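Dropping run_0.csv in here (CSV, C-alpha atoms):
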```csv
chain,number,residue,atom,x,y,z
R,51,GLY,CA,5.3,-6.8,18.0
R,52,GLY,CA,6.8,-6.5,21.4
R,53,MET,CA,3.4,-6.9,23.2
R,54,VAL,CA,2.7,-10.1,21.1
R,55,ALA,CA,6.2,-11.3,21.9
R,56,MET,CA,5.8,-10.4,25.6
R,57,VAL,CA,2.5,-12.3,25.7
R,58,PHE,CA,4.0,-15.4,23.9
R,59,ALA,CA,7.0,-15.5,26.2
R,60,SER,CA,4.6,-15.2,29.2
R,61,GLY,CA,3.0,-18.4,28.0
R,62,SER,CA,-0.6,-17.2,27.5
R,63,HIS,CA,-0.6,-18.5,23.9
R,64,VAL,CA,-3.9,-16.7,23.4
R,65,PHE,CA,-2.9,-15.2,20.0
R,66,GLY,CA,-2.2,-18.7,18.5
R,67,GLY,CA,-4.2,-19.7,15.5
R,68,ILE,CA,-7.3,-17.7,14.6
R,69,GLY,CA,-6.7,-15.4,17.6
R,70,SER,CA,-3.9,-13.7,15.5
R,71,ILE,CA,-6.5,-11.8,13.5
R,72,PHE,CA,-6.5,-8.9,16.0
R,73,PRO,CA,-2.7,-8.0,15.8
R,74,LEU,CA,-2.9,-8.6,12.1
R,75,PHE,CA,-5.8,-6.2,11.3
R,76,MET,CA,-4.3,-3.6,13.6
R,77,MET,CA,-0.9,-3.8,11.9
R,78,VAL,CA,-2.6,-3.4,8.5
R,79,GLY,CA,-4.6,-0.4,9.7
R,80,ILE,CA,-1.5,1.4,10.8
R,81,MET,CA,0.1,0.7,7.4
R,82,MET,CA,-2.8,2.4,5.6
R,83,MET,CA,-2.4,5.6,7.6
R,84,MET,CA,1.4,5.8,7.3
R,85,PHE,CA,1.9,5.0,3.6
R,86,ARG,CA,-1.2,6.6,2.0
R,87,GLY,CA,-3.3,9.2,3.8
R,88,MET,CA,-3.4,12.7,2.3
R,89,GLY,CA,-1.2,15.5,1.0
R,90,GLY,CA,-0.3,18.6,2.9
R,91,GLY,CA,-0.8,22.3,2.5
R,92,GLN,CA,1.4,22.4,-0.6
R,93,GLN,CA,-0.9,19.8,-2.1
R,94,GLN,CA,-4.0,21.9,-2.4
R,95,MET,CA,-5.2,19.7,-5.3
R,96,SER,CA,-7.4,16.8,-4.4
R,97,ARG,CA,-10.2,14.6,-5.8
R,98,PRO,CA,-13.0,16.6,-4.3
R,99,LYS,CA,-11.7,19.9,-5.8
R,100,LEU,CA,-10.1,18.6,-9.0
U,10,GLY,CA,43.0,17.3,-15.6
U,11,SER,CA,40.6,14.7,-16.8
U,12,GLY,CA,39.6,13.6,-13.3
U,13,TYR,CA,42.1,10.9,-12.9
U,14,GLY,CA,42.7,9.1,-9.6
U,15,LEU,CA,40.6,8.7,-6.4
U,16,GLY,CA,39.8,12.3,-5.4
U,17,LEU,CA,37.1,13.1,-2.8
U,18,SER,CA,33.5,13.7,-4.0
U,19,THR,CA,30.4,15.7,-3.2
U,20,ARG,CA,27.0,14.1,-2.4
U,21,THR,CA,25.5,16.2,-5.1
U,22,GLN,CA,27.7,14.4,-7.7
U,23,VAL,CA,26.7,10.9,-6.4
U,24,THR,CA,23.0,11.3,-7.3
U,25,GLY,CA,24.1,12.9,-10.6
U,26,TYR,CA,26.0,9.8,-11.7
U,27,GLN,CA,23.4,7.4,-10.5
U,28,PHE,CA,20.8,9.3,-12.4
U,29,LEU,CA,22.7,9.2,-15.7
U,30,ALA,CA,23.2,5.5,-15.2
U,31,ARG,CA,19.5,4.7,-14.7
U,32,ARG,CA,18.6,6.7,-17.9
U,33,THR,CA,21.3,4.8,-19.8
U,34,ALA,CA,20.0,1.4,-18.6
U,35,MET,CA,16.6,2.3,-20.0
U,36,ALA,CA,17.9,3.1,-23.4
U,37,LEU,CA,19.5,-0.4,-23.9
U,38,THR,CA,16.2,-2.2,-23.2
U,39,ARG,CA,13.5,0.3,-24.2
U,40,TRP,CA,15.4,2.2,-26.8
U,41,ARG,CA,13.7,5.5,-25.7
U,42,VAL,CA,14.1,8.0,-22.9
U,43,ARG,CA,10.9,9.9,-22.3
U,44,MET,CA,10.4,8.0,-19.1
U,45,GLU,CA,6.9,9.1,-18.2
U,46,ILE,CA,7.3,6.5,-15.4
U,47,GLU,CA,10.5,5.0,-14.1
U,48,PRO,CA,10.0,1.3,-13.7
U,49,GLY,CA,13.7,0.6,-13.1
U,50,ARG,CA,13.6,1.9,-9.5
U,51,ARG,CA,10.1,0.4,-8.8
U,52,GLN,CA,11.3,-3.0,-9.8
U,53,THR,CA,14.5,-2.8,-7.8
U,54,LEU,CA,12.8,-1.8,-4.5
U,55,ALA,CA,10.6,-4.9,-4.6
U,56,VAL,CA,13.7,-7.1,-4.3
U,57,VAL,CA,15.1,-5.0,-1.4
U,58,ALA,CA,11.8,-5.5,0.4
U,59,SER,CA,11.9,-9.3,-0.1
U,60,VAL,CA,15.4,-9.6,1.4
U,61,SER,CA,14.4,-7.3,4.2
U,62,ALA,CA,11.3,-9.4,4.9
U,63,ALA,CA,13.5,-12.5,5.1
U,64,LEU,CA,15.9,-11.0,7.6
U,65,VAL,CA,13.0,-10.1,9.9
U,66,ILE,CA,12.0,-13.7,10.1
U,67,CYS,CA,15.5,-14.7,11.0
U,68,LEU,CA,15.5,-12.2,13.9
U,69,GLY,CA,12.2,-13.8,15.0
U,70,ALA,CA,13.9,-17.2,15.1
U,71,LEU,CA,17.0,-15.9,16.8
U,72,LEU,CA,14.7,-14.2,19.4
U,73,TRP,CA,12.9,-17.5,19.8
U,74,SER,CA,16.2,-19.1,20.6
U,75,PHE,CA,16.5,-16.9,23.7
U,76,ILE,CA,12.9,-17.4,24.8
U,77,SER,CA,13.0,-21.3,24.9
U,78,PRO,CA,16.6,-22.7,24.6
U,79,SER,CA,17.2,-26.2,23.1
U,80,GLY,CA,19.8,-27.7,20.8
U,81,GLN,CA,20.8,-29.6,17.6
U,82,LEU,CA,24.2,-30.7,16.4
U,83,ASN,CA,26.0,-28.1,14.3
Q,10,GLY,CA,-3.5,3.3,-33.8
Q,11,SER,CA,-2.9,5.0,-30.5
Q,12,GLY,CA,-4.1,3.9,-27.0
Q,13,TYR,CA,-4.3,0.2,-27.8
Q,14,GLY,CA,-2.6,-2.5,-25.8
Q,15,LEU,CA,-1.4,-2.8,-22.2
Q,16,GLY,CA,0.9,0.2,-21.9
Q,17,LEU,CA,1.8,1.9,-18.6
Q,18,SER,CA,-0.4,4.4,-16.8
Q,19,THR,CA,-0.2,7.0,-14.1
Q,20,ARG,CA,-2.3,8.1,-11.1
Q,21,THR,CA,-3.7,11.2,-12.8
Q,22,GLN,CA,-5.0,8.9,-15.6
Q,23,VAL,CA,-6.8,6.7,-13.1
Q,24,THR,CA,-8.9,9.4,-11.5
Q,25,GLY,CA,-9.6,10.9,-15.0
Q,26,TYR,CA,-11.2,7.7,-16.1
Q,27,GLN,CA,-13.2,7.2,-12.9
Q,28,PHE,CA,-14.6,10.8,-13.4
Q,29,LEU,CA,-15.7,10.0,-16.9
Q,30,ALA,CA,-17.3,6.7,-15.8
Q,31,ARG,CA,-19.4,8.4,-13.1
Q,32,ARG,CA,-20.4,11.3,-15.4
Q,33,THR,CA,-21.5,8.9,-18.2
Q,34,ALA,CA,-23.4,6.6,-15.8
Q,35,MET,CA,-25.9,9.2,-14.7
Q,36,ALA,CA,-26.3,10.3,-18.3
Q,37,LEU,CA,-28.1,7.0,-18.9
Q,38,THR,CA,-30.5,7.4,-16.0
Q,39,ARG,CA,-31.1,11.1,-15.6
Q,40,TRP,CA,-30.6,12.5,-19.1
Q,41,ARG,CA,-28.7,15.6,-17.9
Q,42,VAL,CA,-25.0,16.0,-17.1
Q,43,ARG,CA,-25.2,19.0,-14.8
Q,44,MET,CA,-24.3,16.8,-11.8
Q,45,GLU,CA,-25.1,19.5,-9.3
Q,46,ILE,CA,-24.6,16.8,-6.6
Q,47,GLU,CA,-23.2,13.3,-7.0
Q,48,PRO,CA,-25.7,10.8,-5.6
Q,49,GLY,CA,-24.0,7.8,-7.1
Q,50,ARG,CA,-21.0,8.2,-4.8
Q,51,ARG,CA,-23.2,8.5,-1.7
Q,52,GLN,CA,-25.3,5.5,-2.7
Q,53,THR,CA,-22.2,3.4,-3.3
Q,54,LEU,CA,-20.4,4.6,-0.1
Q,55,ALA,CA,-23.6,3.7,1.9
Q,56,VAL,CA,-23.1,0.0,0.9
Q,57,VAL,CA,-19.4,0.1,2.0
Q,58,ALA,CA,-20.5,1.6,5.4
Q,59,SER,CA,-23.0,-1.3,5.7
Q,60,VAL,CA,-20.3,-3.8,4.9
Q,61,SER,CA,-17.9,-2.2,7.4
Q,62,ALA,CA,-20.6,-2.4,10.2
Q,63,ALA,CA,-21.1,-6.1,9.6
Q,64,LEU,CA,-17.4,-6.9,9.9
Q,65,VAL,CA,-17.1,-4.8,13.0
Q,66,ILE,CA,-20.0,-6.7,14.6
Q,67,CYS,CA,-18.6,-10.2,13.9
Q,68,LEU,CA,-15.2,-9.1,15.1
Q,69,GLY,CA,-17.1,-8.0,18.2
Q,70,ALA,CA,-18.6,-11.5,18.4
Q,71,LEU,CA,-15.1,-13.0,18.1
Q,72,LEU,CA,-14.1,-10.7,20.9
Q,73,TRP,CA,-17.1,-12.2,22.9
Q,74,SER,CA,-15.9,-15.7,22.2
Q,75,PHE,CA,-12.6,-15.3,24.1
Q,76,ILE,CA,-14.2,-13.4,27.1
Q,77,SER,CA,-16.9,-16.0,28.0
Q,78,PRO,CA,-16.6,-19.4,26.3
Q,79,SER,CA,-18.9,-22.5,26.3
Q,80,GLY,CA,-16.5,-24.8,28.4
Q,81,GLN,CA,-17.0,-23.0,31.8
Q,82,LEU,CA,-19.3,-25.6,33.3
Q,83,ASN,CA,-19.9,-26.7,36.9
```
Write the structure described by the file as structure tokens, please.
Amino acid sequence: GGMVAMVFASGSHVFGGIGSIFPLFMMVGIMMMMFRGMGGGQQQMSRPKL
Amino acid sequence: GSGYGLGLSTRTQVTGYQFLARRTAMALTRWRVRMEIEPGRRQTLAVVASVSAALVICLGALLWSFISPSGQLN
Amino acid sequence: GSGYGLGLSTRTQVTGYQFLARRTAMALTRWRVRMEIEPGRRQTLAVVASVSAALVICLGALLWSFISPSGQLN
């Protein structure tokens, strides 16, 4: 968010409109890895083995 | 005896009380306590997330006020 | 009866159903349930990989649009 804010304050305005799809998909991609992902060693059970 | 007054309390006790409360709230509406799933908390967190999302937008606007100052009567 | 209506469900119940769906699907085409290997998964995943590649290419195209646009004449 800081980089986007930094670029908007600089006046490039390149992320305006449709250009916003890049930060957006990146933000979503990070979200998938942090909230879901997979269980640790004490979670030996998983779809491929169950 | 009987726990009267405002004595100090252990963190272990805090979750204990809050747990008995949630279980009791369920009985009044669902009349059962098996609680295979606990919707009470799930439903509550969604509200906290909405308020949180609203505060983030306000910080954005407040931040915008420092990037490009202007004014309105207030 | 039991099982009817829109009652709640859990994550262990979701995989359980998808397992039964995959197992019964091949029983219609291969007439054996041994399922030594699961080709349906692979065949399905292959489509998803195809879809992912298409999205990656058009985002690559969108990336091209900002680096060298049409308006740079003279």
Report as CSV the residues of chain U within 10 Å of chain R, each with its shortest atom pair and distance in Å (one decimal), using only C-alpha atoms, ordered by chain and increasing residue number.
```
residue,atom,partner,partner_atom,distance
U:69,CA,R:55,CA,9.5
U:72,CA,R:55,CA,9.3
U:73,CA,R:59,CA,8.9
U:75,CA,R:59,CA,9.9
U:76,CA,R:59,CA,6.4
U:77,CA,R:59,CA,8.4
```
Checklist entry - chain U residues within 10 Å of chain Q, counting only C-alpha atoms: which ones, as an NGL selection string? => result :U and (45-46 or 48)
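Here atom CA of residue 49 of chain U stands at a distance of 8.4 Å from atom CA of residue 34 of chain U.
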Checklist entry - When you draw a straight line from atom CA of residue 32 of chain U to atom CA of residue 51 of chain U, how long is it in Å? => result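 About the pair atom CA of residue 32 of chain U and atom CA of residue 51 of chain U: they are 14.0 Å apart.
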Just fit chain U onto chain Q on all the Cα atoms, in order, by least squares, and give it as a PDB file with C-alpha atoms, keeping the file's coordinate frame.
```
ATOM      1  CA  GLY U  10      -0.767   2.038 -30.632  1.00  0.00           C
ATOM      2  CA  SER U  11      -4.298   1.927 -29.416  1.00  0.00           C
ATOM      3  CA  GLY U  12      -3.337   1.078 -25.835  1.00  0.00           C
ATOM      4  CA  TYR U  13      -3.482  -2.607 -26.148  1.00  0.00           C
ATOM      5  CA  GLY U  14      -2.265  -4.970 -23.423  1.00  0.00           C
ATOM      6  CA  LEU U  15      -1.614  -4.531 -19.656  1.00  0.00           C
ATOM      7  CA  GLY U  16       0.792  -1.566 -19.503  1.00  0.00           C
ATOM      8  CA  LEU U  17       1.506   0.262 -16.211  1.00  0.00           C
ATOM      9  CA  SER U  18      -0.675   3.279 -15.263  1.00  0.00           C
ATOM     10  CA  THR U  19      -0.528   6.603 -13.481  1.00  0.00           C
ATOM     11  CA  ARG U  20      -2.731   7.481 -10.458  1.00  0.00           C
ATOM     12  CA  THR U  21      -3.853  10.530 -12.300  1.00  0.00           C
ATOM     13  CA  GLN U  22      -5.430   8.293 -15.011  1.00  0.00           C
ATOM     14  CA  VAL U  23      -7.279   6.118 -12.405  1.00  0.00           C
ATOM     15  CA  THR U  24      -9.450   8.994 -11.110  1.00  0.00           C
ATOM     16  CA  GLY U  25      -9.932  10.105 -14.742  1.00  0.00           C
ATOM     17  CA  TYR U  26     -11.539   6.813 -15.745  1.00  0.00           C
ATOM     18  CA  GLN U  27     -13.584   6.504 -12.633  1.00  0.00           C
ATOM     19  CA  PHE U  28     -14.894   9.964 -13.177  1.00  0.00           C
ATOM     20  CA  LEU U  29     -16.011   9.307 -16.759  1.00  0.00           C
ATOM     21  CA  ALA U  30     -17.714   6.168 -15.560  1.00  0.00           C
ATOM     22  CA  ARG U  31     -19.763   7.887 -12.835  1.00  0.00           C
ATOM     23  CA  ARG U  32     -20.949  10.572 -15.372  1.00  0.00           C
ATOM     24  CA  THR U  33     -21.908   7.798 -17.800  1.00  0.00           C
ATOM     25  CA  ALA U  34     -23.908   5.911 -15.130  1.00  0.00           C
ATOM     26  CA  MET U  35     -25.927   9.058 -14.538  1.00  0.00           C
ATOM     27  CA  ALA U  36     -26.858   9.472 -18.123  1.00  0.00           C
ATOM     28  CA  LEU U  37     -28.494   5.962 -18.376  1.00  0.00           C
ATOM     29  CA  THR U  38     -30.831   6.648 -15.428  1.00  0.00           C
ATOM     30  CA  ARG U  39     -31.275  10.435 -15.403  1.00  0.00           C
ATOM     31  CA  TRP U  40     -30.744  11.108 -19.042  1.00  0.00           C
ATOM     32  CA  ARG U  41     -28.913  14.417 -18.212  1.00  0.00           C
ATOM     33  CA  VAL U  42     -25.475  15.439 -17.034  1.00  0.00           C
ATOM     34  CA  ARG U  43     -25.562  18.794 -15.319  1.00  0.00           C
ATOM     35  CA  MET U  44     -25.021  17.093 -12.016  1.00  0.00           C
ATOM     36  CA  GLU U  45     -25.565  19.997  -9.662  1.00  0.00           C
ATOM     37  CA  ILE U  46     -25.242  17.276  -6.969  1.00  0.00           C
ATOM     38  CA  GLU U  47     -23.751  13.838  -7.346  1.00  0.00           C
ATOM     39  CA  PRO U  48     -26.020  11.369  -5.656  1.00  0.00           C
ATOM     40  CA  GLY U  49     -24.215   8.332  -7.091  1.00  0.00           C
ATOM     41  CA  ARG U  50     -21.274   8.640  -4.659  1.00  0.00           C
ATOM     42  CA  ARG U  51     -23.528   9.675  -1.686  1.00  0.00           C
ATOM     43  CA  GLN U  52     -25.610   6.598  -2.126  1.00  0.00           C
ATOM     44  CA  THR U  53     -22.654   4.270  -2.471  1.00  0.00           C
ATOM     45  CA  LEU U  54     -20.886   5.457   0.730  1.00  0.00           C
ATOM     46  CA  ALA U  55     -23.950   4.631   2.826  1.00  0.00           C
ATOM     47  CA  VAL U  56     -23.547   0.943   1.947  1.00  0.00           C
ATOM     48  CA  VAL U  57     -19.788   1.001   2.751  1.00  0.00           C
ATOM     49  CA  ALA U  58     -20.659   2.423   6.157  1.00  0.00           C
ATOM     50  CA  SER U  59     -23.235  -0.332   6.845  1.00  0.00           C
ATOM     51  CA  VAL U  60     -20.738  -3.123   6.095  1.00  0.00           C
ATOM     52  CA  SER U  61     -18.128  -1.338   8.128  1.00  0.00           C
ATOM     53  CA  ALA U  62     -20.547  -1.003  11.051  1.00  0.00           C
ATOM     54  CA  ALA U  63     -21.209  -4.747  10.875  1.00  0.00           C
ATOM     55  CA  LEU U  64     -17.557  -5.700  10.982  1.00  0.00           C
ATOM     56  CA  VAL U  65     -17.065  -3.609  14.128  1.00  0.00           C
ATOM     57  CA  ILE U  66     -19.646  -5.641  15.920  1.00  0.00           C
ATOM     58  CA  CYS U  67     -17.943  -8.827  14.917  1.00  0.00           C
ATOM     59  CA  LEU U  68     -14.646  -7.566  16.398  1.00  0.00           C
ATOM     60  CA  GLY U  69     -16.615  -6.812  19.594  1.00  0.00           C
ATOM     61  CA  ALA U  70     -17.774 -10.432  19.714  1.00  0.00           C
ATOM     62  CA  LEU U  71     -14.379 -11.829  18.869  1.00  0.00           C
ATOM     63  CA  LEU U  72     -12.913  -9.600  21.666  1.00  0.00           C
ATOM     64  CA  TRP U  73     -15.593 -10.931  23.977  1.00  0.00           C
ATOM     65  CA  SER U  74     -14.418 -14.408  23.190  1.00  0.00           C
ATOM     66  CA  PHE U  75     -11.030 -13.601  24.743  1.00  0.00           C
ATOM     67  CA  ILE U  76     -12.479 -11.845  27.783  1.00  0.00           C
ATOM     68  CA  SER U  77     -14.750 -14.792  28.961  1.00  0.00           C
ATOM     69  CA  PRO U  78     -13.974 -18.100  27.100  1.00  0.00           C
ATOM     70  CA  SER U  79     -16.725 -20.762  26.648  1.00  0.00           C
ATOM     71  CA  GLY U  80     -17.734 -23.098  23.851  1.00  0.00           C
ATOM     72  CA  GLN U  81     -20.344 -24.510  21.393  1.00  0.00           C
ATOM     73  CA  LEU U  82     -20.034 -27.290  18.866  1.00  0.00           C
ATOM     74  CA  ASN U  83     -18.820 -26.137  15.459  1.00  0.00           C
TER      75      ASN U  83
END
```
Given the block above, output segment 44-77 of chain Q with N, CA and C atoms as a tab-separated table (two decimals), in the first residue's frame.
```tsv
chain	number	residue	atom	x	y	z
Q	44	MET	N	-9.38	-47.84	-8.84
Q	44	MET	CA	-8.78	-46.50	-8.86
Q	44	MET	C	-7.30	-46.51	-8.47
Q	45	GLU	N	-6.55	-47.37	-9.16
Q	45	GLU	CA	-5.12	-47.49	-8.92
Q	45	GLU	C	-4.46	-46.12	-8.98
Q	46	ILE	N	-4.90	-45.33	-9.95
Q	46	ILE	CA	-4.47	-43.97	-10.22
Q	46	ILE	C	-5.73	-43.17	-10.56
Q	47	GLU	N	-5.69	-41.86	-10.31
Q	47	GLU	CA	-6.86	-41.03	-10.53
Q	47	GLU	C	-6.76	-40.06	-11.69
Q	48	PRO	N	-7.03	-40.56	-12.89
Q	48	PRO	CA	-6.87	-39.76	-14.10
Q	48	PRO	C	-7.85	-38.60	-14.18
Q	49	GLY	N	-9.02	-38.70	-13.57
Q	49	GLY	CA	-9.97	-37.60	-13.65
Q	49	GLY	C	-9.40	-36.32	-13.09
Q	50	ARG	N	-8.72	-36.42	-11.96
Q	50	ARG	CA	-8.10	-35.26	-11.34
Q	50	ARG	C	-7.13	-34.60	-12.31
Q	51	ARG	N	-6.23	-35.40	-12.86
Q	51	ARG	CA	-5.23	-34.88	-13.78
Q	51	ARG	C	-5.88	-34.24	-14.98
Q	52	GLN	N	-6.88	-34.90	-15.55
Q	52	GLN	CA	-7.53	-34.33	-16.72
Q	52	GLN	C	-8.18	-33.01	-16.38
Q	53	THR	N	-8.74	-32.91	-15.19
Q	53	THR	CA	-9.38	-31.67	-14.78
Q	53	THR	C	-8.36	-30.58	-14.51
Q	54	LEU	N	-7.31	-30.93	-13.77
Q	54	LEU	CA	-6.25	-29.99	-13.45
Q	54	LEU	C	-5.62	-29.45	-14.72
Q	55	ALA	N	-5.51	-30.28	-15.74
Q	55	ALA	CA	-4.91	-29.84	-16.99
Q	55	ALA	C	-5.68	-28.67	-17.59
Q	56	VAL	N	-7.00	-28.67	-17.46
Q	56	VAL	CA	-7.79	-27.56	-17.97
Q	56	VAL	C	-7.48	-26.29	-17.18
Q	57	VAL	N	-7.41	-26.41	-15.86
Q	57	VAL	CA	-7.11	-25.27	-15.00
Q	57	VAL	C	-5.75	-24.68	-15.35
Q	58	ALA	N	-4.78	-25.53	-15.66
Q	58	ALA	CA	-3.45	-25.06	-16.04
Q	58	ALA	C	-3.55	-24.28	-17.33
Q	59	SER	N	-4.38	-24.77	-18.23
Q	59	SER	CA	-4.59	-24.11	-19.51
Q	59	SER	C	-5.18	-22.73	-19.27
Q	60	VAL	N	-6.19	-22.66	-18.42
Q	60	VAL	CA	-6.84	-21.39	-18.12
Q	60	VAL	C	-5.85	-20.43	-17.48
Q	61	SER	N	-5.07	-20.91	-16.53
Q	61	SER	CA	-4.08	-20.05	-15.88
Q	61	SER	C	-3.09	-19.46	-16.88
Q	62	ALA	N	-2.63	-20.26	-17.84
Q	62	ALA	CA	-1.69	-19.78	-18.85
Q	62	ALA	C	-2.29	-18.66	-19.71
Q	63	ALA	N	-3.57	-18.75	-20.03
Q	63	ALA	CA	-4.23	-17.73	-20.84
Q	63	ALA	C	-4.31	-16.41	-20.09
Q	64	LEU	N	-4.66	-16.46	-18.82
Q	64	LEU	CA	-4.75	-15.26	-18.00
Q	64	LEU	C	-3.38	-14.61	-17.86
Q	65	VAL	N	-2.35	-15.41	-17.65
Q	65	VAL	CA	-0.97	-14.92	-17.53
Q	65	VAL	C	-0.53	-14.21	-18.81
Q	66	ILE	N	-0.87	-14.77	-19.97
Q	66	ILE	CA	-0.50	-14.15	-21.24
Q	66	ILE	C	-1.20	-12.80	-21.44
Q	67	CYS	N	-2.51	-12.72	-21.21
Q	67	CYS	CA	-3.20	-11.44	-21.40
Q	67	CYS	C	-2.76	-10.40	-20.37
Q	68	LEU	N	-2.41	-10.81	-19.16
Q	68	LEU	CA	-1.84	-9.84	-18.22
Q	68	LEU	C	-0.48	-9.40	-18.74
Q	69	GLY	N	0.24	-10.32	-19.39
Q	69	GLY	CA	1.50	-10.00	-20.03
Q	69	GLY	C	1.29	-8.98	-21.14
Q	70	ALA	N	0.18	-9.13	-21.87
Q	70	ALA	CA	-0.21	-8.19	-22.92
Q	70	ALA	C	-0.55	-6.84	-22.31
Q	71	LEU	N	-1.27	-6.84	-21.20
Q	71	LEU	CA	-1.61	-5.59	-20.52
Q	71	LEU	C	-0.34	-4.91	-20.06
Q	72	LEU	N	0.63	-5.69	-19.62
Q	72	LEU	CA	1.93	-5.15	-19.22
Q	72	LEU	C	2.62	-4.53	-20.44
Q	73	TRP	N	2.45	-5.12	-21.62
Q	73	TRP	CA	3.01	-4.57	-22.86
Q	73	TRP	C	2.37	-3.23	-23.21
Q	74	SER	N	1.06	-3.09	-22.97
Q	74	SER	CA	0.31	-1.87	-23.28
Q	74	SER	C	0.88	-0.62	-22.60
Q	75	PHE	N	1.31	-0.72	-21.36
Q	75	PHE	CA	1.90	0.44	-20.68
Q	75	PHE	C	3.34	0.73	-21.07
Q	76	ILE	N	4.13	-0.28	-21.42
Q	76	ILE	CA	5.53	-0.09	-21.79
Q	76	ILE	C	5.74	0.50	-23.20
Q	77	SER	N	4.85	0.32	-24.17
Q	77	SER	CA	5.07	0.90	-25.51
Q	77	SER	C	3.75	1.12	-26.23
```
